[PDB]
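Atom set for the values below is all heavy atoms of this structure, side chains included, hydrogens, waters and symmetry mates excluded. The first residue in the sequence is number 1, and the count goes up from there.
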Amino acid sequence: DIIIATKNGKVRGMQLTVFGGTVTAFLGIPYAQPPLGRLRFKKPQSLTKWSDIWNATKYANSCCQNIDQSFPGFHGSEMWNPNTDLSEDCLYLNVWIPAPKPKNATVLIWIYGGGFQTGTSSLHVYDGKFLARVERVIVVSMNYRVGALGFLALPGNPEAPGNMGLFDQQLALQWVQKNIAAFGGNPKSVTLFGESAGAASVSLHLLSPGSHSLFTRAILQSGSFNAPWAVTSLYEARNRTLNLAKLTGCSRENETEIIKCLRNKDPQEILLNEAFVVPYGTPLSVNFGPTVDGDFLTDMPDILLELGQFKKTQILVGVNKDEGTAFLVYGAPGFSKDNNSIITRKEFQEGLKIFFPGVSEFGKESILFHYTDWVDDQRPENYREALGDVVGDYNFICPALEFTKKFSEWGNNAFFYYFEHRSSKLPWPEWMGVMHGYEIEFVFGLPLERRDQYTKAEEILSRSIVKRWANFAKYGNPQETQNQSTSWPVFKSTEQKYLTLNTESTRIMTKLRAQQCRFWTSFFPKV
Ligand SMILES: *[C@@H]1O[C@H](CO[C@@H]2O[C@@H](C)[C@@H](O)[C@@H](O)[C@@H]2O)[C@@H](O[C@@H]2O[C@H](CO)[C@@H](O)[C@H](O)[C@H]2NC(C)=O)[C@H](O)[C@H]1NC(C)=O
Ligand SMILES: *[C@@H]1O[C@H](CO[C@@H]2O[C@@H](C)[C@@H](O)[C@@H](O)[C@@H]2O)[C@@H](O[C@@H]2O[C@H](CO)[C@@H](O)[C@H](O)[C@H]2NC(C)=O)[C@H](O)[C@H]1NC(C)=O
Ligand SMILES: *[C@@H]1O[C@H](CO[C@@H]2O[C@@H](C)[C@@H](O)[C@@H](O)[C@@H]2O)[C@@H](O[C@@H]2O[C@H](CO)[C@@H](O)[C@H](O)[C@H]2NC(C)=O)[C@H](O)[C@H]1NC(C)=O
Ligand SMILES: O=C(NC[C@H](O)CNCC1CCCCC1)C(c1ccccc1)c1ccccc1
Ligand SMILES: *[C@@H]1O[C@H](CO[C@@H]2O[C@@H](C)[C@@H](O)[C@@H](O)[C@@H]2O)[C@@H](O)[C@H](O)[C@H]1NC(C)=O
Ligand SMILES: *[C@@H]1O[C@H](CO)[C@@H](O)[C@H](O)[C@H]1NC(C)=O
Ligand SMILES: *[C@@H]1O[C@H](CO)[C@@H](O)[C@H](O)[C@H]1NC(C)=O
Ligand SMILES: [Cl-]
Ligand SMILES: [Cl-]
Ligand SMILES: [Cl-]
Ligand SMILES: [Cl-]
Ligand SMILES: [Cl-]
Ligand SMILES: [Cl-]
Ligand SMILES: [Cl-]
Ligand SMILES: [Cl-]
Ligand SMILES: [Cl-]
Ligand SMILES: [Cl-]
Ligand SMILES: [Cl-]
Ligand SMILES: [Cl-]
Ligand SMILES: [Cl-]
Ligand code: NA
Ligand code: NA
């Protein structure tokens, strides 16, 4: 029996057998008053002390969210849907500590993605027990509010100030500072890592002054705040808030009377209405996301990045080879996970209208012009691969690259990776390649489980990635120093070296997607 005295009370964990060893898991520790009733849409409130032994032996409720129902019964989509009950009462976190108890272990804090509308820390691919067992770090992950319940914005109004889900994250980082030493953890050695909207979240903690003292280093997988989907403007946010008010019958004149009316609405009413607050949205539609609230985020983050206004520390940043492919089968005409998705020039043009709905004809033409000059015009995959590249370069790869160049220009070490391995267990079709989100299982060491039917070469690749991530968190330097590994050079703004992650030869390359990213980063924002 394993009871720890946290600052708010005693929690009891459970014992886990992992690779002939043991991990102690604390699942579902609460870190805030449940944001219910009059607390819905507010910032999270501190938790009152309990005098019993809290039983932290099962994953807690997931936060209210809409489910991906586009492919019922398909593991490729459903692996991402919540695996606990949905509830507003969802502000809980998990802790995996090595056995026996460490003395001063580095802590890894995971922040999941999901487009800021979905996600949960209880997902199988976020199980931190392998990192605890293998690298003797402490893995922490938290649930945070998402969708309108987490990011509805009436800027300046504390009844719904925006960025509540980011403050949920922040309060959990504070829990680790106040409590993790009781678990064997070193609160002075905390590395945030996250993927997609989780990665964008991590980058925003690098800008928020309130999070500066709550972590040491940061890892950003397939995401950063300067990606076009990551920050809702004050314009759209209030137009989206106001729409939601109309759809729910809550249009009032006193701006607080609106919030009051959305608080007697059942969570389902709010959820089913989030889809329509945007007139013509995209598959990547972040209906309710981070805004410039003037509390968590003091200015527009592009300006903060550009003028060096962020925590000075090391970062590890990276992207996958085919970020853009997953989105094509959520709306692009002619695409389907159940065929090879050979699309015509006309279908490609229609696809740009889907992903760039309010962009001018000239802007859409300029995308076509940059991506439709190929070596071979007979190649029938040409338009199919071009549209995936368009979506991935615009939405993920070029913003991550630009974040890395700009962040490192202020003098910190940065490490950039290009993940190009397609999991042998990937349930999506082959033409979709190295998809968005399918490095995560390698980062968490799932292929280290010999029973799970990954190949040997994947166990090795995961084993090395896990080492490099752990060395990064522990030492600010993501090297594998023992097994004659390729040395990972720092990403400098001149040479822009990066490391490729794959099962064969890990190489050092320069200036990833240079041509494509000059278009997206220099020319396209003019249109
Ligand atoms: C746990 O270790 C810390 C030292 O942390 C080091 O620095 C961090 C930035 C991180 O990178 C870790 O890997 C390092 O191990 C100890 O902190 C010291 O505390 C004493 C007070 O007793 C203080 O005088 C020292 O200045 C601190 N050292 C540093 C480097 O800041 C802490 O005591 C250790 N905890 C336990 C329980 O042993
Ligand atoms: C700001 O919001 C308006 C209002 O959104 C419309 O009504 C909501 C209830 C929701 O159902 C949305 O999908 C609706 O679009 C939007 O502009 C509207 O555009 C549509 C047609 O595209 C049409 O209803 C009206 O022309 C507009 N509604 C008005 C004027 O009330 C759009 O999101 C934003 N419009 C502007 C001008 O900023
Ligand atoms: C690939 O499939 C898409 C999607 O069509 C559906 O899925 C298929 C697997 C099959 O079950 C079809 O019967 C389904 O309709 C095809 O796109 C459709 O194309 C037809 C005619 O070209 C058109 O009428 C539909 O509107 C299209 N639907 C969508 C969602 O785009 C596409 O033609 C298939 N491509 C190849 C190369 O086989
Ligand atoms: O992740 C989103 N929404 C939550 C959805 O319940 C689940 N996602 C679909 C999965 C399919 C394969 C890998 C990716 C996840 C959304 C998004 C928006 C902005 C940035 C990143 C992601 C999105 C993702 C894929 C396709 C369409 C939309
Ligand atoms: C919390 O859970 C306890 C679980 O029962 C046993 O507790 C320890 C001693 C281990 O042996 C464990 O494996 C067992 O399952 C309950 O005894 C206790 O009443 C519970 N308390 C609350 C408040 O739910
Ligand atoms: C809106 O209602 C709140 C609560 O009663 C009140 O404090 C505020 O002054 C009202 N605003 C206006 C403009 O009347
Ligand atoms: C290095 O190789 C040895 C070979 O036995 C293996 O046990 C070990 O896990 C490897 N280490 C890393 C970090 O890959
Ligand atoms: Cl719960
Ligand atoms: Cl519910
Ligand atoms: Cl599961
Ligand atoms: Cl899986
Ligand atoms: Cl490539
Ligand atoms: Cl052509
Ligand atoms: Cl061009
Ligand atoms: Cl998988
Ligand atoms: Cl093919
Ligand atoms: Cl070299
Ligand atoms: Cl390239
Ligand atoms: Cl250059
Ligand atoms: Cl150009
Ligand atoms: Na390339
Ligand atoms: Na141009």
Side-chain angles (χ1 to χ4, degrees), residues 35 39-44 63-66 111 113-119 144-171 173 194 196-211 223-248 250 255-256 258-259 262-263 270-271 273-279 281-282 284-307 309-310 358 395 399 403 525:
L39 304 180
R40 172 197 289 178
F41 303 123
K42 293 213 153 11
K43 305 214 284 185
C63 298
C64 297
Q65 51 192 275
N66 285 113
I111 305 180
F116 295 109
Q117 325 304 296
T118 65
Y144 62 89
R145 274 167 291 170
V146 293
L149 294 167
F151 291 95
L152 184 90
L154 273 186
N157 186 343
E159 300 306 308
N163 287 354
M164 302 85 83
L166 283 169
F167 278 115
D168 291 352
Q169 295 175 16
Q170 195 184 72
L171 209 67
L173 311 190
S196 199
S201 291
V202 162
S203 67
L204 284 168
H205 288 291
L206 284 168
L207 312 176
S208 187
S211 300
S224 53
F225 72 78
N226 60 324
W229 48 267
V231 189
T232 310
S233 88
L234 281 317
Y235 195 107
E236 316 140 299
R238 262 194 36 102
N239 214 30
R240 276 153 203 211
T241 298
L242 290 181
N243 288 16
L244 193 65
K246 200 76 222 74
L247 294 297
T248 59
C250 281
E255 273 198 9
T256 59
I258 300 83
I259 294 320
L262 300 159
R263 276 200 197 119
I270 283 145
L271 292 167
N273 276 304
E274 306 187 351
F276 320 114
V277 306
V278 164
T282 81
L284 299 89
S285 250
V286 178
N287 296 312
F288 293 99
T291 50
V292 185
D293 64 336
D295 188 357
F296 192 90
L297 215 49
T298 86
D299 201 351
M300 288 161 70
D302 40 310
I303 303 174
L304 298 180
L305 177 55
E306 167 73 21
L307 300 182
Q309 300 288 132
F310 44 83
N395 280 294
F403 180 88

Q: Could you pull out all residues at least two apart from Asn273 that satisfy side chain to side chain donor-acceptor pair (under 3.5 Å)?
A: none

Q: Which atom names give the shortest non-hydrogen contact between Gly289 and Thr232, and what distance separates them?
A: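 Closest approach of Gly289 to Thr232, heavy atoms only: N-OG1, 3.5 Å.
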
Q: Checking side-chain polar atoms at under 3.5 Å, does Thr118 have a donor or acceptor matched by the opposite partner on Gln65?
A: no

Q: For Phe296, enumerate each residue passing the ring pair (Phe, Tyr, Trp, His ring centres under 6.0 Å) test, keeping only those at least two apart in sequence or located in another chain.
A: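 Testing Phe296 for ring pair (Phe, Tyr, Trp, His ring centres under 6.0 Å), a comparison that skips the adjacent residues, returns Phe167, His205.
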
Q: Suppose we screen for side chain to side chain contact (heavy atoms under 4.5 Å, CB included). Which residues come up paired with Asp302, at least two apart in sequence or across chains?
A: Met300

Q: List the atom of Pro228, the atom of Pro399, and the distance in Å for their closest heavy-atom pair.
A: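 Looking at all heavy atoms of both residues, the shortest contact is CD-CG, 4.0 Å.
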
Q: Apply ring pair (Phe, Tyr, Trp, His ring centres under 6.0 Å) to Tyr144 and list each qualifying residue two or more places apart in sequence or on a separate chain.
A: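 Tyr144: ring pair (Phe, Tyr, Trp, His ring centres under 6.0 Å) contacts with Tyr112.
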
Q: Minimum heavy-atom separation for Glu236 to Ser233, with atom names?
A: OE1-N, 2.6 Å

Q: The criterion is side chain to side chain contact (heavy atoms under 4.5 Å, CB included); which residues satisfy it with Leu154, sequence neighbours excluded?
A: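 With neighbours one apart ignored, the set is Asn157, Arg238, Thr241, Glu255, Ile259.
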
Q: Sequence neighbours excluded, which residues qualify as side chain to side chain donor-acceptor pair (under 3.5 Å) partners of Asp168?
A: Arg145

Q: First locate atom CD of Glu274, then atom CG of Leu271, and finally report the distance between them rounded to the nearest 0.5 Å.
A: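 It comes to 5.0 Å.
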
Q: In chain order, what residues pass the side chain to side chain contact (heavy atoms under 4.5 Å, CB included) check against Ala197, with sequence neighbours excluded?
A: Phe116, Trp229

Q: Can you tell me how far apart CG (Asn226) and CG (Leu304) are? Round to the nearest 0.5 Å.
A: 12.0 Å

Q: Which atom names give the shortest non-hydrogen contact between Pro301 and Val292, and what distance separates them?
A: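 Closest heavy-atom pair between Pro301 and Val292: CD-CG2, 4.2 Å.
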
Q: Which residues pass the ring pair (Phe, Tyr, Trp, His ring centres under 6.0 Å) test with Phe403, sequence neighbours left out?
A: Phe225, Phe407

Q: Suppose we screen for side chain to side chain donor-acceptor pair (under 3.5 Å). Which residues come up paired with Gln309, at least two apart in sequence or across chains?
A: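 With sequence neighbours excluded, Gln309 shows a side chain to side chain donor-acceptor pair (under 3.5 Å) to no residue whatsoever.
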
Q: With sequence neighbours left out, write down each residue that passes side chain to side chain donor-acceptor pair (under 3.5 Å) with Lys42, or none if nothing qualifies.
A: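 Result, side chain to side chain donor-acceptor pair (under 3.5 Å) vs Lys42: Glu159.
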
Q: Could you list the residues that satisfy salt bridge (charged side-chain N to carboxylate O under 4.0 Å, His left out) with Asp293, not counting sequence neighbours?
A: none

Q: State, to 0.1 Å, how close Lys43 and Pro161 come at their nearest heavy-atom pair, and which atoms those are.
A: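 Heavy atoms of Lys43 and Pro161 come nearest at CG-CG, 4.0 Å.
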
Q: Just jot down the side chain to side chain contact (heavy atoms under 4.5 Å, CB included) partners of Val277, sequence neighbours excluded, or say none.
A: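 By the side chain to side chain contact (heavy atoms under 4.5 Å, CB included) rule, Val277 matches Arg240, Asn243, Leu244, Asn287, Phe288.
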
Q: State the OG1-CG distance between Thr291 and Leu297, to the nearest 0.5 angstrom.
A: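 Nearest 0.5 Å value for the OG1-CG distance: 8.0 Å.
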
